[PDB]
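Encoded as structure tokens, the following chain is the form deposited in one PDB entry, with no partner shown.
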């Protein structure tokens, strides 16, 4: 390989032999594109003029009132498509074209990556095929028909938990038979190398902009940046540019679901065990026997029984810290942002916000400057949240 597939013990390329050429082709295309000024210009142009970068960094003064916490929100909810997923999808689509692929296979849970895949494919002339768990088709329905309006085929997956893991499995199976014409647009910083690396580099502008914006507004770096962790893309996009700024805490937030003690959660980094699946060596939720467990979250986007290898590594060395937030804590944060800042956050992003609000409330006289990655908007979640209100 051209690049290191591992982050400490975590990562690698644990795919069938048939798929290694595709992975090698992708790696070579990426390394080449990174050195290509024309690629970089085309990518920059789509991000700025199509997706609407740079996104805002909003100071939330109402929600921190009466405390010594200053909170900013990095507004990826304002990105075209409604989430940070759009960033790296535009980059991967350009790599797909560079590799002469005409088709796109993707998987989606919250439907935000699926929307992103569909819009990029519509824009750049690719045929897009999307796997989504049938439970997620229901609970994240507005996204299902956004995808279909933009010319994408949406394929409901009924097997297993009928959520994200099962969508991934189907997408992987499809790709192993169609890699010659189809690029697999993996939607997070996980899976086989080179995906964890590529997804980080194409999400890295989140942290770079945040750094420039916070220095401009505050004259210094944040005490901590805080992001939810599904597979790890929005978090690593935020974290990446701060990794060498040792004074800046990096907090990743896994879904605690109904509570860690119930086993109905999606927190394998802190509560799972290293395993091999999804093409990588990474923490997973697994039985004693080594079968992969089903995860659970109120949010479809965090409902995944593994995590990307770089977060597993940053945790092990102590550089980043990971915590969990329950369904109920995420819901309170959702309601709080709606009512006091007039922003409706995705339920995924609400986990990140919830933890920030905990840091504030637990120690209200601690002076802290925090940034939360608001990875998406919550329009897709409004029916779900409505139905829970009542009871």
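Rigid core here is just the name for the largest C-alpha set that superposes within 1.5 Å across the two forms. Numbering follows the first chain given and starts at 1.
The form deposited in another entry exists for this protein as well; it is not shown, and the discussion that follows is about that form.
**Q** Please look at 240, 157, 284, 126 and say which one has a C-alpha shift reaching 2 Å or more between the shown form and the other one, core superposed.
**A** Of all the options, the C-alpha that shifts by at least 2 Å belongs to 157.
**Q** Would you say residue 135 moves its Cα by 2 Å or more between the shown form and the other one, aligning on the core?
**A** For residue 135, whose C-alpha is compared between the shown form and the other one after core superposition, the shift is 2 Å or more.
**Q** When the two forms are laid on each other by their rigid core, does residue 144 show a Cα shift of 2 Å or more between the shown form and the other one?
**A** Shift of 2 Å or more: yes.
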